[PDB]
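What follows is one chain in structure tokens, specifically the form deposited in one PDB entry.
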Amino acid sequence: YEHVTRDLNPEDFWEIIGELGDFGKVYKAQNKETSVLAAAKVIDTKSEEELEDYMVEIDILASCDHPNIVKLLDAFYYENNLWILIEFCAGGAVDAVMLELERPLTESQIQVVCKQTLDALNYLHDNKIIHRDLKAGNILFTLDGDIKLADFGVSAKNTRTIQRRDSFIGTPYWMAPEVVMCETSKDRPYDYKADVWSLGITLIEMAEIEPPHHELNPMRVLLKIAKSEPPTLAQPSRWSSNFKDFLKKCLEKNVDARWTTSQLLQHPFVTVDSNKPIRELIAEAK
């Protein structure tokens, strides 16, 4: 494939140091030549037709070039495994930090994570990518107090389908005006706004350690989302009006009324320019 190496043993290039987490396990790896650190996802594939299922993820990582999105370092197919090697963020996932410290982020910490996460998302949406699995477990801290967005395992990339859709020959007398005007679902915000709702839930998850409805039987959670008004902060006196106002723009069930990442970047809750609160957080867990 475009970005996947064949016929080579990944362990002739990358040395497994340990496990980071657990369709496989994720390892801490170290380049045998350069000492550069990596997370190595090792995905067990039965056949080669399965590689097609993991290729959109790999293409997204390979195609993205943003400070707050993790980079692809290498990928290998070898002895029925797909190895994906991804840049290493030494601070760990936001949710893992909250559980180790046994406390949520403070509001000033949430603003930094929110602001940088929004930058990542805005870039994705601009490039016709929907993340589709945003949560605190997929926001990773660097040693320098910045964040990177990760895990594009179920992301959608609409660039090739937009390319195929904008393609025609001969005079299109029968073309619908919404297709003429580039107002199909691929170019419209509608489907990208699913990420904006998830940002909102991630903000509450960072404010309260666990996401809304964490106490319910898992079988009830989808029903609860459908039935209920959007969630709010449990202890709203703890939080600024700008935090709560930001949330209301994300956690809006009317998708048309819900804000885009572009609109959200102008909100005073993300008008910050220092990661000092995150540097203080990662130093405390060290």
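The first residue of the sequence shown is number 1, and the count goes up from there. So that the term is clear: the rigid core is the largest set of C-alpha atoms that superpose within 1.5 Å between two forms.
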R164 unmodelled in at least a third of other compared entries: yes
Residues of the deposited sequence left unbuilt between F23 and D22: 1 to 3
Residue range whose averaged C-alpha B-factor is higher in the record, 24-32 or 46-54: 46-54
Entry-level comparison of average CA B-factors, 165-173 and 204-212, reporting the higher stretch: 165-173
Chain-relative CA temperature factor third for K41: lowest
CA B-factor ranking of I147, expressed as a third of its chain: middle
Third of chain Cα B-factors occupied by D187: highest
Where the record places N9 (Cα B-factor, split into thirds across the chain): lowest
Third assignment of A194 from its chain's C-alpha B-factors: middle
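Absent from the display: the form deposited in another entry. The rest refers to it.
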Option from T45, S240, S63, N31 moving between the shown form and the other one, CA shift at or above 2 Å, rigid core reference: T45
Shift of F152 between the shown form and the other one at or above 2 Å (CA, core fit): yes
Cα displacement of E178 between the shown form and the other one reaching 2 Å, rigid core superposed: yes
Exceeds or equals 2 Å, Cα of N80 between the shown form and the other one, core fit: yes
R132 and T45, C-alpha gap in the other form relative to this structure (3 Å or more): closer
Note on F152-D95 C-alpha separation in the other form, which departs from the shown form by 3 angstroms or more: closer
